[PDB]
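As a starting point, one isolated chain is supplied in structure tokens, in the form deposited without ligand NLE.
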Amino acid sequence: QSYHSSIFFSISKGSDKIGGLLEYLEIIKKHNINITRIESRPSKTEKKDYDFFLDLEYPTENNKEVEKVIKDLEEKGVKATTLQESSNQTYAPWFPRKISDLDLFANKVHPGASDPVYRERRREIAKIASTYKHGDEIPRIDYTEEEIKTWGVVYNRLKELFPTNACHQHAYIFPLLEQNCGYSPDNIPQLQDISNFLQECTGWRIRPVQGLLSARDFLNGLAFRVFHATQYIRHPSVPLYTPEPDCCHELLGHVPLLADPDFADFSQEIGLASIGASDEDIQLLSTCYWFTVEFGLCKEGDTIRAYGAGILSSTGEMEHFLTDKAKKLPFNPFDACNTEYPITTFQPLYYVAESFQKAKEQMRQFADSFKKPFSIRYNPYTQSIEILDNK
């Protein structure tokens, strides 16, 4: 368990301070093992400045060595803005800056808990997410006959319901998943194939995840158009329901919508908003996420359909949302963000999105007043987060 800090500052080409600044940066890079990375880049704002980035990694929270580094740094003539992973508000929240920085989350994480066999199996699959690095191929799972049997039952069951209950984007993409990603009742699709297909449709990627991440970590991954997905399958004893995300939920629920460009933008938008957001704002985003990506409905003419991954992968949920006892409301993040919700029962309340581009715009407007030290932007050419000093 480690605590990350990042220090930002800018300086102009031809500055009198650069010489000593650079020299200082060399000494700490060599003789301070808490420093993991120091880099400089062209400024996104002042076309004549350089942006600098100093990444530190400590074993304990609010390590005061950071202040020591800040002081020695600002002594060379620059003003430093420091972000940190912490419960305190001494510094604004840290965020992963590159898609490869999501590697830092890899080790940050019941019907069959009363089953040792199933428990050892879960342990083995989770090992793979634990060791996976950005850039690697996603290792393929040799699923057992039992596991494949469970997939088949869920698959065939949900397949009977999609055409009448799923939003049209889902019906649109599913045959492409069949034709390109090996979707079938007889075969559990591998994440590496799904990730390649998603990349080529909307730039989204998958990485395996051990289990539940914190809301901040998971949402931050979305900012890079990276979806964290489990590889294990639910226990065979209870096939038609599970309280947790298993591969059926990931692959039949989340993945198809990620191949729709407008949905893909919307999801990333939620991710961007989370980058560097305060804990209270993360919680608002997480709830918005629940009522859209997880349990959202779309409007299609005089009809209401499901796009939420938690609905699409649950026969009981799909056979519930259309009943009159379940309340429906137009999606509005100001209304949804504060709404309580059950995790162990069907939803009593669903929010209806008009269109994904509208949901994207609504979220962006919602997030616009989030307090953050930097303006966060995504650059599709560099595939990275741009950080602007305009606040």
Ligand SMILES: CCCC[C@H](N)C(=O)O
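Note that residue numbering follows the sequence shown and begins at 1.
The same protein also has a form solved in complex with ligand NLE, omitted here; what follows describes it.
Item checked: The single option of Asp281, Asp101, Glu294, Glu85 touching ligand NLE in the deposited bound form, heavy atom within 4.5 Å -> The residue in contact is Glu294.
Next item on the list: Work out which of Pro96, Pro189, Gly310, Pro93 lies within 4.5 Å of ligand NLE in the deposited bound form, going by heavy atoms.
Entry: Checking each option against ligand NLE in the deposited bound form, the one that comes within 4.5 Å is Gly310.
Item checked: Region of this chain that lies against ligand NLE in the deposited bound form, out of 130-138, 171-179, 311-319, 111-119 [heavy atom, 4.5 Å] -> Every other range fails; the passing one is 311-319.
Check: Though only this chain appears here, would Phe162 touch ligand NLE in the deposited bound form if you measure heavy atom gaps against 4.5 Å?
Finding: Close contact is absent here: in the deposited bound form, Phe162 is far from ligand NLE, nothing within 4.5 Å, heavy atoms only.
Check: Just to confirm, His249 within 4.5 Å of ligand NLE in the deposited bound form by heavy atoms?
Finding: Although ligand NLE is absent here, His249 would touch it in the deposited bound form, with heavy atoms inside 4.5 Å.
Notebook entry, point to check: Is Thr242 close to ligand NLE in the deposited bound form, meaning a heavy atom pair under 4.5 Å apart or at it?
Noted result: Result yes; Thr242 sits at the interface with ligand NLE in the deposited bound form.
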